[PDB]
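Novice: Structure: start_24.txt, compact mmCIF, C-alpha atoms.
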# COMPACT_ATOMS: atom_id res chain seq x y z
CA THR T 101 6.61 4.58 -5.37
CA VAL T 102 8.74 2.33 -3.11
CA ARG T 103 8.57 -0.59 -5.62
CA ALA T 104 9.77 1.56 -8.55
CA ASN T 105 12.14 3.91 -6.58
CA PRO T 106 12.09 6.46 -9.46
CA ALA T 107 15.27 8.60 -9.76
CA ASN T 108 16.41 7.03 -6.43
CA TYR T 109 13.93 9.34 -4.62
CA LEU T 110 14.08 7.28 -1.39
CA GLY T 111 17.90 7.41 -1.18
CA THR T 112 17.89 11.12 -2.11
CA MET T 113 15.40 11.99 0.67
CA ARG T 114 17.69 10.34 3.28
CA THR T 115 20.47 12.72 2.13
CA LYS T 116 18.24 15.86 1.93
CA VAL T 117 16.80 15.42 5.46
CA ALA T 118 20.32 15.30 6.97
CA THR T 119 21.17 18.65 5.34
CA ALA T 120 17.80 20.05 6.50
CA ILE T 121 18.76 19.08 10.09
CA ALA T 122 22.20 20.74 9.73
CA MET T 123 20.58 23.93 8.31
CA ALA T 124 18.02 23.88 11.14
CA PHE T 125 20.82 23.89 13.74
CA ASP T 126 22.69 26.77 12.01
CA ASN T 127 19.56 28.94 11.67
CA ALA T 128 18.61 28.28 15.32
CA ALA T 129 22.13 29.23 16.53
CA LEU T 130 22.70 32.31 14.30
CA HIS T 131 19.27 33.90 13.70
CA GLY T 132 17.13 32.09 16.33
CA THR T 133 14.41 31.38 13.69
CA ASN T 134 12.49 28.39 15.17
CA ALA T 135 14.85 27.58 18.07
CA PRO T 136 13.77 25.25 20.92
CA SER T 137 13.33 26.82 24.39
CA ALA T 138 16.29 24.71 25.63
CA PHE T 139 18.86 26.59 23.44
CA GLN T 140 20.39 29.45 25.47
CA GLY T 141 20.86 32.51 23.22
CA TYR T 142 21.58 33.15 19.50
CA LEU T 143 24.06 35.55 17.81
CA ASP T 144 21.47 37.91 16.27
CA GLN T 145 20.60 39.02 19.89
CA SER T 146 23.79 41.18 20.11
CA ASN T 147 23.27 44.93 20.67
CA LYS T 148 26.33 45.72 18.40
CA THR T 149 26.16 46.35 14.63
CA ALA G 51 -19.35 -45.24 12.13
CA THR G 52 -19.32 -41.85 13.97
CA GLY G 53 -20.53 -39.95 10.86
CA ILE G 54 -19.15 -36.88 9.03
CA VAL G 55 -19.39 -33.05 9.42
CA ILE G 56 -19.32 -30.79 6.31
CA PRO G 57 -18.71 -26.99 6.71
CA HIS G 58 -20.95 -25.69 3.87
CA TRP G 59 -19.89 -22.20 2.67
CA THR G 60 -22.56 -19.45 2.23
CA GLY G 61 -20.72 -16.06 2.41
CA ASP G 62 -20.37 -13.40 -0.31
CA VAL G 63 -16.62 -12.64 -0.07
CA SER G 64 -15.70 -9.41 -1.95
CA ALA G 65 -12.83 -7.31 -3.37
CA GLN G 66 -12.62 -3.86 -5.04
CA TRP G 67 -10.63 -2.08 -7.73
CA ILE G 68 -8.52 0.49 -5.91
CA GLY G 69 -6.21 3.43 -6.81
CA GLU G 70 -2.74 4.22 -5.42
CA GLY G 71 -3.16 5.28 -1.77
CA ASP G 72 -6.95 4.53 -1.66
CA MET G 73 -8.48 2.77 1.39
CA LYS G 74 -9.06 -1.02 1.28
CA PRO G 75 -12.47 -2.50 2.28
CA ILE G 76 -12.95 -5.11 5.05
CA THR G 77 -14.91 -8.39 4.49
CA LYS G 78 -16.09 -11.58 6.28
CA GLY G 79 -17.07 -15.13 5.21
CA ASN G 80 -20.04 -17.30 6.26
CA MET G 81 -20.62 -21.05 6.91
CA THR G 82 -23.17 -23.69 8.06
CA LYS G 83 -22.11 -27.09 9.46
CA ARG G 84 -24.10 -30.12 8.14
CA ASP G 85 -23.80 -33.67 9.59
CA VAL G 86 -24.29 -37.24 8.23
CA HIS G 87 -24.98 -40.31 10.46
CA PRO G 88 -24.91 -43.93 9.10
CA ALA G 89 -27.98 -46.24 9.26
CA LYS G 90 -28.28 -50.08 9.19
CA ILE G 91 -30.01 -52.11 6.54
CA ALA G 92 -30.37 -55.79 7.42
CA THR G 93 -32.23 -59.11 6.77
CA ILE G 94 -32.32 -62.78 8.01
CA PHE G 95 -32.92 -66.02 6.03
CA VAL G 96 -33.51 -69.52 7.48
CA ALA G 97 -33.10 -73.14 6.27
CA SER G 98 -33.22 -76.70 7.75
CA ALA G 99 -29.83 -78.28 8.57
CA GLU G 100 -30.57 -80.96 5.92
CA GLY P 2 -7.16 8.42 -0.80
CA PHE P 3 -5.57 11.55 -2.17
CA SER P 4 -5.10 14.04 -5.03
CA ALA P 5 -2.19 13.77 -7.44
CA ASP P 6 0.56 16.18 -6.20
CA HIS P 7 -0.75 15.86 -2.61
CA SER P 8 1.29 18.01 -0.20
CA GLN P 9 2.35 15.21 2.24
CA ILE P 10 2.39 11.84 0.33
CA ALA P 11 4.63 10.80 -2.61
CA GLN P 12 2.79 8.85 -5.37
CA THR P 13 3.53 7.57 -8.93
CA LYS P 14 0.52 9.79 -9.88
CA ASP P 15 2.64 12.85 -9.01
CA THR P 16 3.95 15.12 -11.81
CA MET P 17 7.48 15.15 -10.30
CA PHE P 18 7.94 11.52 -11.54
CA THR P 19 7.05 12.29 -15.21
CA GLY P 20 9.35 10.27 -17.53
CA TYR P 21 10.62 7.82 -14.83
CA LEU P 22 7.67 5.43 -15.31
CA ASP P 23 8.02 4.64 -19.05
CA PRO P 24 6.05 1.60 -20.40
CA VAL P 25 7.79 -1.40 -22.01
CA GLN P 26 7.29 -1.76 -25.82
CA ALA P 27 5.52 -4.85 -27.24
CA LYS P 28 4.37 -6.65 -30.45
CA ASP P 29 1.16 -5.57 -32.27
CA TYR P 30 -1.11 -8.12 -30.54
CA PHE P 31 -4.25 -6.77 -32.31
CA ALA P 32 -2.99 -7.85 -35.77
CA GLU P 33 -4.61 -10.97 -37.26
CA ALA P 34 -2.43 -13.69 -38.83
CA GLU P 35 -1.12 -12.19 -42.10
CA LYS P 36 -3.43 -12.54 -45.16
CA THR P 37 -1.94 -14.97 -47.69
CA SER P 38 -3.61 -15.04 -51.14
CA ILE P 39 -6.64 -17.37 -51.35
CA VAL P 40 -6.11 -18.29 -55.05
CA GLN P 41 -2.71 -19.76 -54.10
CA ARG P 42 -4.50 -22.04 -51.55
CA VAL P 43 -6.78 -23.69 -54.21
CA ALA P 44 -4.90 -23.40 -57.56
CA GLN P 45 -2.00 -25.74 -58.46
CA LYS P 46 1.54 -24.41 -57.80
CA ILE P 47 4.14 -25.40 -60.46
CA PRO P 48 7.93 -24.98 -60.97
CA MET P 49 8.79 -21.87 -63.05
CA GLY P 50 11.80 -19.86 -64.36
CA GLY K 250 23.81 10.46 16.15
CA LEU K 251 21.24 10.88 13.34
CA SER K 252 18.92 7.84 13.27
CA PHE K 253 16.38 6.27 10.85
CA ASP K 254 13.35 3.96 11.17
CA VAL K 255 11.02 2.61 8.43
CA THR K 256 7.44 1.31 8.83
CA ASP K 257 4.62 -0.09 6.70
CA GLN K 258 1.96 -0.44 9.46
CA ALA K 259 2.08 2.51 11.87
CA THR K 260 -0.72 5.16 11.79
CA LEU K 261 -0.11 8.88 11.17
CA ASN K 262 -2.08 12.01 12.01
CA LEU K 263 -1.98 14.16 8.83
CA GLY K 264 -3.71 17.03 10.75
CA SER K 265 -2.71 18.33 14.22
CA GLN K 266 -3.00 16.94 17.79
CA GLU K 267 -5.90 19.40 18.44
CA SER K 268 -7.62 18.54 15.08
CA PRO K 269 -6.88 14.92 14.04
CA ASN K 270 -6.97 13.37 10.55
CA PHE K 271 -5.70 9.78 10.89
CA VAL K 272 -4.45 7.57 8.04
CA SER K 273 -3.50 3.90 8.42
CA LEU K 274 -0.27 3.16 6.53
CA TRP K 275 -1.51 -0.45 6.15
CA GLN K 276 -5.13 0.06 5.01
CA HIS K 277 -4.02 2.58 2.43
CA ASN K 278 -0.87 1.12 0.74
CA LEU K 279 1.82 3.38 2.30
CA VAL K 280 5.38 3.24 3.72
CA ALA K 281 6.93 5.89 6.00
CA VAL K 282 10.53 6.74 7.01
CA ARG K 283 11.12 8.54 10.35
CA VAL K 284 14.37 10.45 11.09
CA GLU K 285 15.54 11.85 14.43
CA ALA K 286 18.60 13.66 15.94
CA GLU K 287 19.44 15.59 19.18
CA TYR K 288 21.55 18.75 19.84
CA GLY K 289 22.41 21.16 22.72
CA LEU K 290 23.71 24.77 22.47
CA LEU K 291 24.90 27.44 24.92
CA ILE K 292 26.15 30.95 24.10
CA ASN K 293 27.76 32.38 27.24
CA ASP K 294 27.43 36.12 26.36
CA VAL K 295 25.50 37.18 23.23
CA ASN K 296 26.92 40.74 23.47
CA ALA K 297 30.47 39.40 22.64
CA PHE K 298 29.74 39.60 18.84
CA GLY W 250 0.76 -13.06 -8.60
CA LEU W 251 -1.86 -13.02 -5.79
CA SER W 252 -0.15 -11.72 -2.60
CA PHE W 253 -0.87 -11.90 1.17
CA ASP W 254 0.37 -9.92 4.25
CA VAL W 255 -0.63 -10.45 7.92
CA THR W 256 -0.49 -8.04 10.91
CA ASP W 257 -1.29 -7.92 14.62
CA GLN W 258 -0.03 -4.30 14.94
CA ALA W 259 -1.97 -2.16 12.43
CA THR W 260 -4.93 0.15 13.12
CA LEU W 261 -7.92 -0.09 10.75
CA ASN W 262 -10.81 2.21 9.89
CA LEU W 263 -14.10 0.24 9.91
CA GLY W 264 -16.08 3.30 8.66
CA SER W 265 -15.07 5.52 5.70
CA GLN W 266 -12.95 8.67 5.06
CA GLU W 267 -16.11 10.81 5.55
CA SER W 268 -17.04 9.15 8.94
CA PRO W 269 -14.11 7.30 10.59
CA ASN W 270 -14.34 4.45 13.12
CA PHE W 271 -10.87 3.18 14.10
CA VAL W 272 -9.91 -0.05 15.94
CA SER W 273 -6.38 -0.93 17.10
CA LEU W 274 -5.68 -4.58 16.28
CA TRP W 275 -2.97 -4.72 18.96
CA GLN W 276 -5.09 -3.31 21.82
CA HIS W 277 -8.06 -5.60 20.93
CA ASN W 278 -5.92 -8.79 20.46
CA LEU W 279 -7.03 -9.10 16.78
CA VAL W 280 -5.20 -10.28 13.60
CA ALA W 281 -5.77 -9.04 10.02
CA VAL W 282 -4.84 -10.39 6.55
CA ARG W 283 -4.39 -8.08 3.53
CA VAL W 284 -4.94 -9.60 0.06
CA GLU W 285 -3.70 -7.95 -3.16
CA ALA W 286 -3.48 -8.60 -6.92
CA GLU W 287 -2.74 -6.39 -9.93
CA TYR W 288 -4.05 -6.62 -13.53
CA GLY W 289 -4.13 -4.75 -16.86
CA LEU W 290 -6.86 -4.80 -19.56
CA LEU W 291 -7.35 -3.18 -22.98
CA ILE W 292 -10.16 -3.57 -25.51
CA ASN W 293 -8.93 -2.32 -28.91
CA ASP W 294 -12.36 -1.37 -30.34
CA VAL W 295 -15.51 -1.57 -28.15
CA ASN W 296 -17.71 -1.18 -31.28
CA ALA W 297 -16.67 -4.74 -32.37
CA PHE W 298 -19.25 -6.53 -30.10
In structure tokens, write the structure found in this file.
Specialist:
Amino acid sequence: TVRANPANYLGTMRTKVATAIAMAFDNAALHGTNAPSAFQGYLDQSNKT
Amino acid sequence: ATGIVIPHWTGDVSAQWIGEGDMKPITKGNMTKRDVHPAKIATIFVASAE
Amino acid sequence: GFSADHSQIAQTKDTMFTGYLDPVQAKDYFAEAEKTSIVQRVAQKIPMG
Amino acid sequence: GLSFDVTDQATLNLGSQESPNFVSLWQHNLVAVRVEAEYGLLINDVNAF
Amino acid sequence: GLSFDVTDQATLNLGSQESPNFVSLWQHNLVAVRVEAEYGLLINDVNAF
């Protein structure tokens, strides 16, 4: 798969993982989905709706 | 004059047809050293000085 | 040593690469040398109009 | 910042640390790319939203 | 053509996928050589022999 690099899969992965890391940070900060114990609070904790 | 050493091969080295992402086998050779030492062959012959 | 479409490893076996791995086209190697007529190999050829 | 490494001879656990399933990237014909980044977040008062 | 790679860093399985037995080349001060070639074959009609 590396020798052929079909559809530039290897270059495309290195773009998609960077977006996955940006989306992971947003979801951890807004909705607290999978957040690390070192992050202090997330917006969905508010008692106001 | 010291002689010769020959490393005679005796091992069944091997290789296998293998798919994408299959595991490769491990193999080892084998040898036996053989040695050759020279020997003299000689003779004398004699005659009168006349 | 894995299935096609394995969940963790990308392979040329995988269905997601269908149509990126197209063979090169070649001559018909299984054809014999073309059959000339055997009478023309033994009979005498002459000029004609 | 976001950082990348590539390897053709590390070893990976395809299972979990409690239940291993090791694969050699060299004894099978594999290549792996590893990507890593690092973030910190504080929200001072989650009831301000 | 016939191809060769050498490593002092890999880990190898000396057993099989059903009964593993790993050895680290680097921790045991060993060296390994990986040999590879690649071929294609077709027989047009097996009933011809």
Novice: For chain P, list the residues within 9 Å of chain G, counting all atoms listed in the file, and write the list as a list in words.
Specialist: residues 2, 3, 10, 12, 13 and 14 of chain P
Novice: What are the centre and edge lengths in Å, to one decimal, of the axis-aligned box around all listed atoms of region 280-285 of chain W with 5 Å added on each side, as JSON?
Specialist:
{"center_x": -4.7, "center_y": -9.2, "center_z": 5.2, "size_x": 12.1, "size_y": 12.4, "size_z": 26.8}
Novice: Pick out the chain W residues within 10 Å of chain K. Count only C-alpha atoms. Give them as an MDAnalysis selection string.
Specialist: chainID W and resid 254 256:262 266 269 271 273 283
Novice: How many Å separate CA of residue 9 (chain P) from CA of residue 116 (chain T)?
Specialist: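 Pair CA of residue 9 (chain P) / CA of residue 116 (chain T) returns 15.9 Å.
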Novice: For chain W against chain G, with a cut-off of 10 Å and counting all atoms listed in the file, what is the closest atom pair and its distance in Å to one decimal for every residue that makes the cut, ordered by chain and number, as a tab-separated table?
Specialist:
residue	atom	partner	partner_atom	distance
W:261	CA	G:76	CA	9.1
W:262	CA	G:73	CA	8.8
W:263	CA	G:76	CA	7.3
W:264	CA	G:75	CA	9.3
W:265	CA	G:73	CA	8.3
W:266	CA	G:73	CA	8.3
W:281	CA	G:76	CA	9.6
W:282	CA	G:76	CA	9.8
W:283	CA	G:74	CA	8.8
W:284	CA	G:65	CA	8.9
W:285	CA	G:65	CA	9.2
W:286	CA	G:67	CA	9.7
W:287	CA	G:67	CA	9.3
W:288	CA	G:67	CA	9.9
Novice: Tell me which protein, DNA and RNA residues are within 12 Å of residue 52 (chain G), counting all atoms listed in the file, leaving out same-chain ones fewer than 5 positions away, and put them as a short mmCIF file (atom, residue, chain, number, x, y, z; two decimals) with C-alpha atoms, keeping the file's coordinate frame.
Specialist:
data_model
loop_
_atom_site.label_atom_id
_atom_site.label_comp_id
_atom_site.auth_asym_id
_atom_site.auth_seq_id
_atom_site.Cartn_x
_atom_site.Cartn_y
_atom_site.Cartn_z
CA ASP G 85 -23.80 -33.67 9.59
CA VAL G 86 -24.29 -37.24 8.23
CA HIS G 87 -24.98 -40.31 10.46
CA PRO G 88 -24.91 -43.93 9.10
CA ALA G 89 -27.98 -46.24 9.26
#
Novice: How would chain W read as a PDB file with C-alpha atoms, in the coordinates of the input once least-squares superposed on chain K using all paired C-alpha atoms?
Specialist:
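Final output, result-v6.pdb:
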ATOM      1  CA  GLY W 250      24.363  10.432  14.956  1.00  0.00           C
ATOM      2  CA  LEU W 251      21.548  10.931  12.389  1.00  0.00           C
ATOM      3  CA  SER W 252      19.075   8.010  12.766  1.00  0.00           C
ATOM      4  CA  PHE W 253      16.367   6.403  10.565  1.00  0.00           C
ATOM      5  CA  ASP W 254      13.374   4.056  11.254  1.00  0.00           C
ATOM      6  CA  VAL W 255      10.869   2.659   8.699  1.00  0.00           C
ATOM      7  CA  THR W 256       7.298   1.326   9.188  1.00  0.00           C
ATOM      8  CA  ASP W 257       4.410  -0.123   7.193  1.00  0.00           C
ATOM      9  CA  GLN W 258       2.255  -0.589  10.345  1.00  0.00           C
ATOM     10  CA  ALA W 259       1.954   2.813  12.070  1.00  0.00           C
ATOM     11  CA  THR W 260      -0.989   5.242  11.957  1.00  0.00           C
ATOM     12  CA  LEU W 261      -0.186   8.928  11.339  1.00  0.00           C
ATOM     13  CA  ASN W 262      -2.035  12.181  11.955  1.00  0.00           C
ATOM     14  CA  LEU W 263      -1.849  14.402   8.834  1.00  0.00           C
ATOM     15  CA  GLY W 264      -3.625  17.303  10.645  1.00  0.00           C
ATOM     16  CA  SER W 265      -2.702  18.624  14.125  1.00  0.00           C
ATOM     17  CA  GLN W 266      -3.610  17.925  17.801  1.00  0.00           C
ATOM     18  CA  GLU W 267      -6.371  20.593  17.552  1.00  0.00           C
ATOM     19  CA  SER W 268      -7.927  19.075  14.329  1.00  0.00           C
ATOM     20  CA  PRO W 269      -6.900  15.430  13.707  1.00  0.00           C
ATOM     21  CA  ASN W 270      -6.864  13.606  10.353  1.00  0.00           C
ATOM     22  CA  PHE W 271      -5.575  10.027  10.733  1.00  0.00           C
ATOM     23  CA  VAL W 272      -4.428   7.570   8.015  1.00  0.00           C
ATOM     24  CA  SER W 273      -3.497   3.918   8.630  1.00  0.00           C
ATOM     25  CA  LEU W 274      -0.336   3.100   6.674  1.00  0.00           C
ATOM     26  CA  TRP W 275      -1.197  -0.616   6.731  1.00  0.00           C
ATOM     27  CA  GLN W 276      -4.771  -0.271   5.400  1.00  0.00           C
ATOM     28  CA  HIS W 277      -3.648   2.149   2.618  1.00  0.00           C
ATOM     29  CA  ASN W 278      -0.554   0.073   1.570  1.00  0.00           C
ATOM     30  CA  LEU W 279       1.810   2.991   2.445  1.00  0.00           C
ATOM     31  CA  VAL W 280       5.360   3.106   3.943  1.00  0.00           C
ATOM     32  CA  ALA W 281       6.827   5.845   6.184  1.00  0.00           C
ATOM     33  CA  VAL W 282      10.391   6.809   7.232  1.00  0.00           C
ATOM     34  CA  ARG W 283      11.114   8.629  10.522  1.00  0.00           C
ATOM     35  CA  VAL W 284      14.302  10.740  10.697  1.00  0.00           C
ATOM     36  CA  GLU W 285      15.850  11.912  13.992  1.00  0.00           C
ATOM     37  CA  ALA W 286      18.926  13.747  15.326  1.00  0.00           C
ATOM     38  CA  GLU W 287      19.802  15.310  18.685  1.00  0.00           C
ATOM     39  CA  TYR W 288      21.994  18.358  19.481  1.00  0.00           C
ATOM     40  CA  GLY W 289      23.041  20.689  22.320  1.00  0.00           C
ATOM     41  CA  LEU W 290      24.033  24.394  22.123  1.00  0.00           C
ATOM     42  CA  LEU W 291      25.170  27.054  24.611  1.00  0.00           C
ATOM     43  CA  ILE W 292      26.239  30.658  24.047  1.00  0.00           C
ATOM     44  CA  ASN W 293      28.166  31.861  27.125  1.00  0.00           C
ATOM     45  CA  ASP W 294      27.407  35.600  26.734  1.00  0.00           C
ATOM     46  CA  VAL W 295      25.000  36.827  24.003  1.00  0.00           C
ATOM     47  CA  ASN W 296      26.175  40.441  24.591  1.00  0.00           C
ATOM     48  CA  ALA W 297      29.574  39.522  22.996  1.00  0.00           C
ATOM     49  CA  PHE W 298      28.331  39.932  19.349  1.00  0.00           C
TER      50      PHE W 298
END
Novice: Taking all atoms listed in the file into account and nothing else, which residues of chain T lie no more than 10 Å away from chain K? Please answer as a PyMOL selection string.
Specialist: chain T and resi 101-102+110+113-114+117-118+121+125+128-129+136+138-149
Novice: Only residues of chain T matter here; which ones have an atom within 9 Å of chain P, counting only C-alpha atoms? Give them as JSON, numbers by chain.
Specialist: {"T": [101, 104, 106, 107]}
Novice: Between CA of residue 120 (chain T) and CA of residue 7 (chain P), what is the spacing in Å?
Specialist: 21.1 Å
Novice: For CA of residue 134 (chain T) and CA of residue 112 (chain T), quote the distance in Å rounded to one decimal.
Specialist: 25.0 Å
